[PDB]
Amino acid sequence: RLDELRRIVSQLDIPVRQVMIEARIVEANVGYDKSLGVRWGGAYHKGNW
Amino acid sequence: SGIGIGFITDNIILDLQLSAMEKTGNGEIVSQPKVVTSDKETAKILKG
């Protein structure tokens, strides 16, 4: 029994396993906004849009 | 925006206008999130 336990003990005497986890976040945002106000104002003939 | 002015002022001031507006707006948003999940397990992507 002592020997069997010793063999298992040998298996157990294992270093805790560390892992380095590198998860990377990549965010890309591309933005285009165009607004056009087209304006014709004349008050002489009262024409204005 | 939309005013069509006819004016008389010299003889009399008589103003006759047809004022019309047409507005058109289209917005389309297409968003696709991809999630890697274990089988029979929940995984969640949340972008907000």
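Laboratory data are not the source of any read-out in this text; all were calculated from the coordinates shown. Please note: Cβ atoms are built from the backbone with ideal geometry, for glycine as well, and neighbour counts cover all protein chains shown.
Just to be sure before I move on: is A:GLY31 small (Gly, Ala, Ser), assigned to a loop (DSSP other than H, G, I, E, B) and more than 30 Å from B:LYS47 (Cβ to Cβ) in the structure I sent? Reasoning before the result, please.
On the way: small (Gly, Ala, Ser): yes; assigned to a loop (DSSP other than H, G, I, E, B): yes; more than 30 Å from B:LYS47 (Cβ to Cβ): no.
The answer is no for A:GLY31.
Would you confirm whether or not the stretch B:15-31 contains a residue that is within 11 Å of chain A (Cβ to nearest Cβ), surrounded by 10 or more Cβ atoms within 10 Å (Cβ to Cβ) and either assigned to a strand (DSSP E or B) or of a type in the set (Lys, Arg) (or both)?
Yes - at least one qualifying residue is present in the stretch B:15-31.
On the basis of being over 30 Å from B:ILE8 (Cβ atoms), outside any loop (DSSP other than H, G, I, E, B), of a type in the set (S, T, N, Q) and out of contact with any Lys or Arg (no Cβ under 9 Å at 6 or more places or on another chain), does A:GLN11 make the cut?
Taking the combined requirement at face value, the residue satisfies it.
Would you confirm whether any residue within the stretch A:25-46 is within 14 Å of chain B (Cβ to nearest Cβ), in contact with a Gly (Cβ under 9 Å, 6 or more places away or on another chain) and either closer than 30 Å to B:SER31 by Cβ or surrounded by 10 or more Cβ atoms within 10 Å (Cβ to Cβ) (or both)?
The answer is yes; a qualifying residue exists.
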